[PDB]
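Student: My structure is below; once you've seen it, I'll send some questions.
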Amino acid sequence: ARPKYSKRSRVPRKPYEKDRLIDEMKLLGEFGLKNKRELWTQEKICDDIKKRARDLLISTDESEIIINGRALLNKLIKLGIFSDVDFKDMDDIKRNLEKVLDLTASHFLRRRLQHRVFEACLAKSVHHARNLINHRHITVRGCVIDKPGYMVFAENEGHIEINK
Amino acid sequence: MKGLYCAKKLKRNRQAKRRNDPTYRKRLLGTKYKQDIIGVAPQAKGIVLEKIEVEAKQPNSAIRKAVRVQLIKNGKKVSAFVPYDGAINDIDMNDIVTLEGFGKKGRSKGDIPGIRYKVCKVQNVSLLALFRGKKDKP
Amino acid sequence: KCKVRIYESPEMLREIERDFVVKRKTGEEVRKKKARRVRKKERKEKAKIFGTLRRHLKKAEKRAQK
Amino acid sequence: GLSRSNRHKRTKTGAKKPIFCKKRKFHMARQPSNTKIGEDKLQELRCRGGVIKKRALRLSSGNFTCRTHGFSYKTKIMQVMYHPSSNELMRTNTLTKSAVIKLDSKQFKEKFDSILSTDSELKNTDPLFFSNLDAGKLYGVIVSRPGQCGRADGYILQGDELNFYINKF
Amino acid sequence: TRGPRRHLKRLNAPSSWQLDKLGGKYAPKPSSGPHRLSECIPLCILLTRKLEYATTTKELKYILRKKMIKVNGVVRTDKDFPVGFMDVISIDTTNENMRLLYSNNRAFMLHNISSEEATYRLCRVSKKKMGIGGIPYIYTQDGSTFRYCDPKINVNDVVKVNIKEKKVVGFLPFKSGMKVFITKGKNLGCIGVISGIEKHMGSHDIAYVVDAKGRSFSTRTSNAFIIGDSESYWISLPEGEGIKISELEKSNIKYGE
RNA sequence: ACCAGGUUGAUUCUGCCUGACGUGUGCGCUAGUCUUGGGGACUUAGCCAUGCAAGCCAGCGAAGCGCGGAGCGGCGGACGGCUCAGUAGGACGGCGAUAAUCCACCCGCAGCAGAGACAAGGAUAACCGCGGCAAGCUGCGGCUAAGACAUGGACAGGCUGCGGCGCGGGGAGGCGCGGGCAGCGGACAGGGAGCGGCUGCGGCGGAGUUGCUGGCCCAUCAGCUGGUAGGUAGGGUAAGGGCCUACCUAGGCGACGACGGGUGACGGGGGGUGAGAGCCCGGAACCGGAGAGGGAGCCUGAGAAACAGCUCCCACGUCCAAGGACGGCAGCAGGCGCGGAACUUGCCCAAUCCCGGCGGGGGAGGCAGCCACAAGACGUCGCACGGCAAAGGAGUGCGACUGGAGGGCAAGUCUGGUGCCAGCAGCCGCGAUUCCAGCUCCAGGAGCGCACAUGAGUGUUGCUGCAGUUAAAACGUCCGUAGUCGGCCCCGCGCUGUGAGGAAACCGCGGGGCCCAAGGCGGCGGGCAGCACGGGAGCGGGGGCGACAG
Ligand SMILES: [Mg+2]
Ligand SMILES: [Mg+2]
Ligand SMILES: [Mg+2]
Ligand SMILES: [Mg+2]
Ligand SMILES: [Mg+2]
Ligand SMILES: [Mg+2]
């Protein structure tokens, strides 16, 4: 039948908060994003991850913190960049699940290769270093990417370099 | 009616309370069917009959350039207000114009009294296209 | 990535594989199958004809001759 | 034709039902085959599922048993003496189930005197049944349904079952 | 609508067949053969999705035309033939003999068996009825029927029937302590030993089962297929052996205990 | 889990209005690329030109010149597709029942009449001619087939009545089977491409009935009911039944809301929105129902009260040589009409599948086109390659608007015009910080604005959780029945835990480098005041108190 879909972004409830409208834009001008939707996607993706953790810390079933909590932390470590949890089953999950609630949207915004090109001093010009991604100059290990919100992983983070 | 076995009494009672709620009162009565102008369907389209002189509610003193319009789907004669300064000369008699509401849930907007609908397109081309000159009336 | 098949005879190839892929290699076109719109009208005329075509065409032109 | 549905009926509370859909063949009934006496004519019907139901239109004889001795004959039907549901059905001599009918006594009295030759006590046990036999009156009920089976089988009335019915006609 | 449904939608197909959503609108409607539709899969699923002999129906038509497929010792040259639980698919080309059986993922799986295990199959009886002339012939759940069996064979028993011979060679009763296979339900594809039988006069006898691992579950006895007595298994067991490992056990192997 | 503006000279409230957010429907302006999905449901279940959409075959095999393919015969056309008018329970959902029932394909079993039997009888279509007729359609003659239609021949199954012990199953029996007497009745005279017929038992696949239960509004709808409620008996049906009839009882339902009405009501899986309780929606993928212009009746068949079958009536429409003949796009495109509102008279069976015993057919279906309708990702021209049923695209490969700038509300007391005019403004408001332009600036951004509807805002519907001295609101009083609520002590039921069984889609979660993403695909879960088991408490039953209860 039909393939399912979802809404990536959301809009704020009060659209003209002058306090928010510059705290958005400094988080936007740091990473040089196209629009607020690119920022509000990661602000949503970080939020329901925080909303996921807050419903695991409430849980009565300790199997749930075992199954979904280690799944959430490995999601933070492997595809994300968290890089500190042992998964020991010595309740370092609950030490780290309460570290999920302090994560910002900017914690996810740095993970994109638009930022990661700048992390190894590769193109030095973030406001138009995206021109090199858009014209296919940045190449991960064997494949070229023209999607600057690529969200690079743990293992892939060193293996980035410019190609021609 | 607060006992543990009062659910059918509470549903019977609170529904009779809810009939006094004005938002639920219109859905209960079906007033959007009683006036087929803009309630059940948006964008009523009809034939212009005459240009109307109507004066704004005081303290504001101006003259809004309304028009009577007879609808095609109903034959109802409703008055509609023309926005977008100087547009009243761009619409003529026996035109077929489309009408929209004011965003006031069926009431008058601002200084205009009685006029609950406003024109957006004349002869299936918009007034925003004519107020700036983007399109042309056929 | 290529998913390729390794047959053992040309005859099992043209039998098992679909008819368009042997048109890719060699261009057989063994069945004409005129066109879909032509084959519909050709069959739909044959459906209303009772009996053989020769009895129907003879009775038709005999009335056309008159 | 006639239907079997309750879509025309009222509800238990007396409410009238709305009749909207067209009639189905799932619930279709038929005419009463008012089976009468005459030379045998049975009607064949390809009814539901192709099975052939035979209803008797006219019907001459019935396979009637004597339950006391376990012997049977197909004696001819003479007239319906009693019908339980309506006396209209006995005036027209309509053969249905449970209809008390007057049978042909000749074939039954031949074996009945033959067993009466050996056992003399048999006639004294029910004097009323053997009273009507010498007069030639022999009565039975149809137990089969002639509109469904196409036959008029049953048993000879004897005993208190007989005196129950001869008070009814 | 109403009548014999000739078509079958892809979403309405049984999820044990493991058909994708985006494969098409329709799924292959099985023929009305030996197994019920809830407990069967067609041949045309096995020969393209499981064994992948044919990628195309034109290839699949050729395979059934040349009659190389043979299930329960009969050729069965039908595209939509319903093969069910315990039935043995034996292909003389490739010399591959498989028995259709469930998996832990609640799906049908073709389990490779030996050439000697392919000579028989197991059938759960449905009813037991004297035929005309006094022939006491029983009826299996897959629509097979056999006569002159052991009189001790009553309902819910599984019988070991030969394939190449139409007789029943082995009998397995439905008591406590028997190795059971769970055909339908939440515990589909689980192998366990029957602990208790609760009768429930009127309807739905309930069987209590603990597996080899020790996990206890309850099912209807109609969803209970005996595969062995206490000493032995009468069939080979598939991959995973019907354990149905828990989600935390799936979690603990990835990250340690 | 949010408020903000607005009653005043100022205040505190009540109170509504409006802003602020999601959603879907339409409009408007604008527009670079790609993937994916959607799209005449709402008004008109309105009207339809033209083409296409359900055909196929292996028995028999004519013409035509062994090939052949007509007709007979057979199978399907009752499925899919479309639509949502009717439907307030004939539905649907959940749980059942059918010991009250029928059956095609297919599967597994048993079987199929010795009859002259090394054998089967009369036909008819095709065809050969001769025709009628504007057309649609049809006649006469001559022959000739069968897995068509018969004949022949009864061991069984079957039917009915009566009799009647047991053996099996089932919760429960003359349900199955064996044993009886009668009356009926009743399964192979086929073939040198695989077999094909028929009878029965068991499935499968269906189907009909059916029980319990749940689900909108109106009391300015309070009493309703006559085949109505029941009994007996028969009829009828595949089948229980007031289903029907005959006779007889006087019942049946109702404030625990009957009955009647309304609905711009198909139901559900579900969807939207909210922290939640809720509120709202469900035309729309899947399931069930219903319909084919309005109807009714039916034939054939296993299955239709069929409609791309028939018969008739009605309302529209067409052709005619005037005698007659036809049409039903709520199938696919397309046209008109309707409206706010919805695409090409494209290509093809390649994929998904279905019919047919295979070569065939399939507007089911896919592919493409149209459309900013939606989701997602990304900017500011021609070869070869590549894929494709075919083409095109993907993939290598070379040569910037939209809205605003007084407050709410982010951003101008800049410039020119306008002078209570024109105009603007959801609310407050302005008449030049608000009009109309220019500039600049702000907001979102290939999108944005508007209208309508709905949710939240709203504890302004209040179960959670409102308010009733004076803001809207305690009925003049008392009695009073249903209703609802209710003292103390001392097996059944409520409640509750687990479990069964419960479709996928969906949703929640979890993976998973489709370049990312939305995804695909694979795991795991939830759903039900139905069912089973458990439960220390609670309630009944019965005694004892005698309540700052009476
Ligand atoms: Mg003739
Ligand atoms: Mg003749
Ligand atoms: Mg309706
Ligand atoms: Mg629906
Ligand atoms: Mg449907
Ligand atoms: Mg007051």
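We name chains A, B, ... following the order of the structure tokens; residues begin at 1 in each chain, and ligands are numbered from 1 as shown.
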Counting only C-alpha atoms (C1' of nucleotides) and all ligand atoms, which residues of chain F sit at most 12 Å from some atom of ligand 2, and what is each one's closest atom pair with its distance in Å to one decimal, listed by chain and rising residue number, as a tab-separated table?

Tutor:
residue	atom	partner	partner_atom_place_in_ligand_line	distance
F:123	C1'	ligand 2	1 (Mg)	10.3
F:124	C1'	ligand 2	1 (Mg)	8.5
F:125	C1'	ligand 2	1 (Mg)	10.6
F:139	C1'	ligand 2	1 (Mg)	11.2
F:140	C1'	ligand 2	1 (Mg)	8.3
F:141	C1'	ligand 2	1 (Mg)	6.6
F:142	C1'	ligand 2	1 (Mg)	7.3
F:143	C1'	ligand 2	1 (Mg)	9.0
F:144	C1'	ligand 2	1 (Mg)	11.9

Student: Please identify all polymer residues within 8 Å of residue 82 (chain B), counting only C-alpha atoms (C1' of nucleotides), omitting same-chain residues fewer than 3 positions from it, and present them as a short mmCIF file (atom, residue, chain, number, x, y, z; two decimals) with C-alpha atoms, in the first residue's frame.

Tutor:
data_model
loop_
_atom_site.label_atom_id
_atom_site.label_comp_id
_atom_site.auth_asym_id
_atom_site.auth_seq_id
_atom_site.Cartn_x
_atom_site.Cartn_y
_atom_site.Cartn_z
CA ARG B 64 -16.71 51.39 2.44
CA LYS B 65 -17.39 50.36 -1.16
CA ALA B 66 -19.69 47.37 -0.70
CA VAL B 67 -21.64 45.55 -3.43
CA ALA B 87 -10.96 48.22 -6.71
CA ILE B 88 -14.63 49.26 -6.94
CA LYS B 118 -15.80 40.21 1.20
CA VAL B 119 -14.76 39.81 -2.43
#

Student: Considering only C-alpha atoms (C1' of nucleotides), extract the chain C residues located within 8 Å of chain F and return them as a compact mmCIF listing (two decimals) with N, CA and C atoms, in the first residue's frame.

Tutor:
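Listing of part.txt after writing:
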# COMPACT_ATOMS: atom_id res chain seq x y z
N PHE C 20 11.54 -9.89 -23.48
CA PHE C 20 12.18 -8.63 -23.79
C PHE C 20 13.69 -8.70 -23.62
N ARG C 36 -1.47 -3.37 -28.78
CA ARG C 36 -2.56 -3.63 -27.85
C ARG C 36 -3.87 -3.04 -28.33
N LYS C 40 -7.17 -5.48 -29.52
CA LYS C 40 -8.47 -5.34 -28.88
C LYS C 40 -9.58 -5.24 -29.90
N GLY C 51 -20.79 -17.85 -36.01
CA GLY C 51 -20.43 -18.70 -37.12
C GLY C 51 -19.04 -18.39 -37.62
N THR C 52 -18.72 -18.93 -38.79
CA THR C 52 -17.45 -18.62 -39.41
C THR C 52 -17.48 -17.22 -40.01

Student: Mind listing the residues within 9 Å of ligand 3, only C-alpha atoms (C1' of nucleotides) and all ligand atoms counted, as a PDB file with N, CA, C and O atoms (P, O5', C5', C4', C3', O3' and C1' of nucleotides), in the first residue's frame?

Tutor:
ATOM      1  P     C F  84     -18.559   8.741  -3.140  1.00  0.00           P
ATOM      2  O5'   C F  84     -19.691   8.191  -2.181  1.00  0.00           O
ATOM      3  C5'   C F  84     -21.060   8.454  -2.453  1.00  0.00           C
ATOM      4  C4'   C F  84     -21.968   7.686  -1.533  1.00  0.00           C
ATOM      5  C3'   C F  84     -21.865   8.074  -0.063  1.00  0.00           C
ATOM      6  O3'   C F  84     -23.152   8.034   0.539  1.00  0.00           O
ATOM      7  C1'   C F  84     -21.432   5.776  -0.303  1.00  0.00           C
ATOM      8  P     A F  85     -24.034   9.371   0.613  1.00  0.00           P
ATOM      9  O5'   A F  85     -24.984   9.241  -0.650  1.00  0.00           O
ATOM     10  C5'   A F  85     -26.142  10.039  -0.786  1.00  0.00           C
ATOM     11  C4'   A F  85     -27.303   9.222  -1.278  1.00  0.00           C
ATOM     12  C3'   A F  85     -28.048   8.432  -0.222  1.00  0.00           C
ATOM     13  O3'   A F  85     -28.970   9.204   0.510  1.00  0.00           O
ATOM     14  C1'   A F  85     -27.557   7.015  -2.011  1.00  0.00           C
ATOM     15  P     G F  86     -29.074   8.994   2.089  1.00  0.00           P
ATOM     16  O5'   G F  86     -29.748   7.563   2.232  1.00  0.00           O
ATOM     17  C5'   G F  86     -31.072   7.325   1.783  1.00  0.00           C
ATOM     18  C4'   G F  86     -31.363   5.850   1.722  1.00  0.00           C
ATOM     19  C3'   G F  86     -31.317   5.118   3.050  1.00  0.00           C
ATOM     20  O3'   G F  86     -32.520   5.229   3.779  1.00  0.00           O
ATOM     21  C1'   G F  86     -30.043   3.935   1.480  1.00  0.00           C
ATOM     22  P     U F  87     -32.486   5.685   5.313  1.00  0.00           P
ATOM     23  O5'   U F  87     -31.752   4.491   6.055  1.00  0.00           O
ATOM     24  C5'   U F  87     -32.297   3.184   6.056  1.00  0.00           C
ATOM     25  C4'   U F  87     -31.249   2.174   6.425  1.00  0.00           C
ATOM     26  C3'   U F  87     -30.692   2.304   7.825  1.00  0.00           C
ATOM     27  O3'   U F  87     -31.525   1.708   8.794  1.00  0.00           O
ATOM     28  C1'   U F  87     -28.914   2.063   6.295  1.00  0.00           C
ATOM     29  P     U F 263     -32.988  15.215   8.104  1.00  0.00           P
ATOM     30  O5'   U F 263     -31.436  14.929   8.231  1.00  0.00           O
ATOM     31  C5'   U F 263     -30.580  15.894   8.812  1.00  0.00           C
ATOM     32  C4'   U F 263     -29.342  15.248   9.363  1.00  0.00           C
ATOM     33  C3'   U F 263     -28.655  14.269   8.438  1.00  0.00           C
ATOM     34  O3'   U F 263     -27.880  14.890   7.437  1.00  0.00           O
ATOM     35  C1'   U F 263     -28.823  13.325  10.588  1.00  0.00           C
ATOM     36  P     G F 264     -27.886  14.291   5.950  1.00  0.00           P
ATOM     37  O5'   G F 264     -26.344  14.088   5.628  1.00  0.00           O
ATOM     38  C5'   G F 264     -25.826  14.281   4.324  1.00  0.00           C
ATOM     39  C4'   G F 264     -24.961  15.507   4.281  1.00  0.00           C
ATOM     40  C3'   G F 264     -24.455  15.978   5.631  1.00  0.00           C
ATOM     41  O3'   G F 264     -23.296  15.297   6.059  1.00  0.00           O
ATOM     42  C1'   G F 264     -25.379  17.804   4.456  1.00  0.00           C
ATOM     43  P     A F 265     -23.322  14.483   7.437  1.00  0.00           P
ATOM     44  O5'   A F 265     -23.885  13.061   7.017  1.00  0.00           O
ATOM     45  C5'   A F 265     -24.758  12.359   7.879  1.00  0.00           C
ATOM     46  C4'   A F 265     -24.150  11.073   8.341  1.00  0.00           C
ATOM     47  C3'   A F 265     -24.070   9.984   7.301  1.00  0.00           C
ATOM     48  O3'   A F 265     -23.002  10.193   6.401  1.00  0.00           O
ATOM     49  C1'   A F 265     -24.854   9.081   9.327  1.00  0.00           C
ATOM     50  P     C F 266     -22.850   9.273   5.102  1.00  0.00           P
ATOM     51  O5'   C F 266     -22.067   8.010   5.655  1.00  0.00           O
ATOM     52  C5'   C F 266     -22.083   6.799   4.943  1.00  0.00           C
ATOM     53  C4'   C F 266     -22.458   5.622   5.793  1.00  0.00           C
ATOM     54  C3'   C F 266     -21.454   5.224   6.863  1.00  0.00           C
ATOM     55  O3'   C F 266     -21.599   5.922   8.081  1.00  0.00           O
ATOM     56  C1'   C F 266     -21.976   3.343   5.553  1.00  0.00           C
TER      57        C F 266
END

Student: With a distance threshold of 10 Å and counting only C-alpha atoms (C1' of nucleotides), extract the residues of chain F near chain D and express them as a VMD selection string.

Tutor: chain F and resid 86 to 87 89 to 90 102 to 104 159 to 163 180 to 184 207 to 209 224 to 229 232 to 239 241 to 247 252 to 254 258 to 260 290 to 291 295 to 298 301 to 305

Student: Please identify all polymer residues within 12 Å of residue 70 (chain A), counting only C-alpha atoms (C1' of nucleotides), omitting same-chain residues fewer than 4 positions from it, and present them as a VMD selection string.

Tutor: (chain A and resid 53 56 62 to 66 74 to 78 85 to 97) or (chain E and resid 248 250 to 257) or (chain F and resid 510)

Student: Let me see the file: selected residues, C-alpha atoms (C1' of nucleotides), as a PDB file, in the first residue's frame.

Tutor:
ATOM      1  CA  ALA A  53      14.731   9.251  28.383  1.00  0.00           C
ATOM      2  CA  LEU A  56      12.499   5.448  30.943  1.00  0.00           C
ATOM      3  CA  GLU A  62      13.666  -2.447  35.171  1.00  0.00           C
ATOM      4  CA  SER A  63      13.765  -4.526  31.997  1.00  0.00           C
ATOM      5  CA  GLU A  64      12.678  -1.385  30.128  1.00  0.00           C
ATOM      6  CA  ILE A  65      15.721   0.594  31.252  1.00  0.00           C
ATOM      7  CA  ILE A  66      17.812  -2.435  30.308  1.00  0.00           C
ATOM      8  CA  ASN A  74      24.089   3.081  21.873  1.00  0.00           C
ATOM      9  CA  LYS A  75      22.063   5.307  19.552  1.00  0.00           C
ATOM     10  CA  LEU A  76      23.758   8.232  21.279  1.00  0.00           C
ATOM     11  CA  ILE A  77      27.188   6.615  21.009  1.00  0.00           C
ATOM     12  CA  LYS A  78      27.405   4.811  17.697  1.00  0.00           C
ATOM     13  CA  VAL A  85      29.007   4.884  28.350  1.00  0.00           C
ATOM     14  CA  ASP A  86      30.135   1.394  29.350  1.00  0.00           C
ATOM     15  CA  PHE A  87      26.744  -0.458  29.065  1.00  0.00           C
ATOM     16  CA  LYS A  88      28.059  -2.524  32.012  1.00  0.00           C
ATOM     17  CA  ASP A  89      24.754  -3.326  33.699  1.00  0.00           C
ATOM     18  CA  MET A  90      26.099  -1.507  36.746  1.00  0.00           C
ATOM     19  CA  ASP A  91      23.416   1.269  36.560  1.00  0.00           C
ATOM     20  CA  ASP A  92      25.698   3.629  34.630  1.00  0.00           C
ATOM     21  CA  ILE A  93      22.709   3.798  32.301  1.00  0.00           C
ATOM     22  CA  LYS A  94      20.761   5.777  34.931  1.00  0.00           C
ATOM     23  CA  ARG A  95      23.818   7.945  35.434  1.00  0.00           C
ATOM     24  CA  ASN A  96      23.788   8.513  31.687  1.00  0.00           C
ATOM     25  CA  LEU A  97      20.028   8.647  31.120  1.00  0.00           C
TER      26      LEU A  97
ATOM     27  CA  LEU E 248      15.989  -8.759  27.203  1.00  0.00           C
ATOM     28  CA  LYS E 250      18.243 -10.274  22.766  1.00  0.00           C
ATOM     29  CA  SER E 251      19.344  -7.138  24.597  1.00  0.00           C
ATOM     30  CA  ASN E 252      21.821  -8.906  26.861  1.00  0.00           C
ATOM     31  CA  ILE E 253      23.719 -10.617  24.047  1.00  0.00           C
ATOM     32  CA  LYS E 254      24.397  -7.289  22.341  1.00  0.00           C
ATOM     33  CA  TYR E 255      25.682  -5.443  25.412  1.00  0.00           C
ATOM     34  CA  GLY E 256      26.611  -8.081  27.965  1.00  0.00           C
ATOM     35  CA  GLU E 257      24.461  -9.101  30.892  1.00  0.00           C
TER      36      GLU E 257
ATOM     37  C1'   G F 510      13.928  -1.098  18.373  1.00  0.00           C
TER      38        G F 510
END

Student: With only C-alpha atoms (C1' of nucleotides) and all ligand atoms counted, collect every polymer residue having an atom within 10 Å of ligand 6; state the result as a ChimeraX atom specification.

Tutor: /F:468-473

Student: Restricting the output to N, CA, C and O atoms (P, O5', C5', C4', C3', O3' and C1' of nucleotides), write the selected residues as a PDB file, in the first residue's frame.

Tutor:
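part09.pdb, written as the output of this step:
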ATOM      1  P     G F 468     -20.083  30.924  43.029  1.00  0.00           P
ATOM      2  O5'   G F 468     -21.633  30.966  42.709  1.00  0.00           O
ATOM      3  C5'   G F 468     -22.228  32.118  42.144  1.00  0.00           C
ATOM      4  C4'   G F 468     -23.699  31.908  41.942  1.00  0.00           C
ATOM      5  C3'   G F 468     -24.462  31.427  43.153  1.00  0.00           C
ATOM      6  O3'   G F 468     -24.795  32.486  44.013  1.00  0.00           O
ATOM      7  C1'   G F 468     -25.094  30.171  41.266  1.00  0.00           C
ATOM      8  P     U F 469     -24.155  32.562  45.469  1.00  0.00           P
ATOM      9  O5'   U F 469     -24.822  33.861  46.066  1.00  0.00           O
ATOM     10  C5'   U F 469     -26.218  33.937  46.243  1.00  0.00           C
ATOM     11  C4'   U F 469     -26.578  35.225  46.920  1.00  0.00           C
ATOM     12  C3'   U F 469     -26.290  36.461  46.104  1.00  0.00           C
ATOM     13  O3'   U F 469     -27.343  36.756  45.216  1.00  0.00           O
ATOM     14  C1'   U F 469     -25.404  36.730  48.271  1.00  0.00           C
ATOM     15  P     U F 470     -27.054  36.951  43.661  1.00  0.00           P
ATOM     16  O5'   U F 470     -26.553  38.446  43.584  1.00  0.00           O
ATOM     17  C5'   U F 470     -27.306  39.470  44.189  1.00  0.00           C
ATOM     18  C4'   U F 470     -26.508  40.732  44.280  1.00  0.00           C
ATOM     19  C3'   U F 470     -25.667  41.035  43.062  1.00  0.00           C
ATOM     20  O3'   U F 470     -26.400  41.692  42.047  1.00  0.00           O
ATOM     21  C1'   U F 470     -24.354  41.248  45.010  1.00  0.00           C
ATOM     22  P     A F 471     -26.464  41.102  40.558  1.00  0.00           P
ATOM     23  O5'   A F 471     -24.985  41.282  40.013  1.00  0.00           O
ATOM     24  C5'   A F 471     -24.087  40.188  39.951  1.00  0.00           C
ATOM     25  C4'   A F 471     -23.112  40.358  38.828  1.00  0.00           C
ATOM     26  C3'   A F 471     -23.268  39.408  37.666  1.00  0.00           C
ATOM     27  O3'   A F 471     -24.194  39.933  36.738  1.00  0.00           O
ATOM     28  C1'   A F 471     -20.971  39.653  38.280  1.00  0.00           C
ATOM     29  P     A F 472     -25.719  39.454  36.688  1.00  0.00           P
ATOM     30  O5'   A F 472     -25.707  38.402  35.513  1.00  0.00           O
ATOM     31  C5'   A F 472     -26.851  38.188  34.719  1.00  0.00           C
ATOM     32  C4'   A F 472     -26.901  36.754  34.305  1.00  0.00           C
ATOM     33  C3'   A F 472     -27.132  35.782  35.438  1.00  0.00           C
ATOM     34  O3'   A F 472     -28.510  35.604  35.683  1.00  0.00           O
ATOM     35  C1'   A F 472     -25.306  35.064  34.117  1.00  0.00           C
ATOM     36  P     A F 473     -29.180  36.051  37.065  1.00  0.00           P
ATOM     37  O5'   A F 473     -29.891  34.716  37.529  1.00  0.00           O
ATOM     38  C5'   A F 473     -30.254  33.743  36.563  1.00  0.00           C
ATOM     39  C4'   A F 473     -29.682  32.398  36.907  1.00  0.00           C
ATOM     40  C3'   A F 473     -29.807  32.020  38.364  1.00  0.00           C
ATOM     41  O3'   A F 473     -31.047  31.393  38.598  1.00  0.00           O
ATOM     42  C1'   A F 473     -27.594  31.614  37.594  1.00  0.00           C
TER      43        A F 473
END

Student: What are the DSSP strand (DSSP E) residues of region 19-227 of chain E, as a ChimeraX atom specification?

Tutor: /E:40-42,82-84,88-91,96-102,108-113,120-130,136-140,145-146,158-162,168-172,179-182,191-198,206-211,216-220,224-227

Student: Calculate how many Å separate CA of residue 26 (chain C) from CA of residue 62 (chain E), rounding to one decimal.

Tutor: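 Taking CA of residue 26 (chain C) and CA of residue 62 (chain E), their separation equals 22.3 Å.
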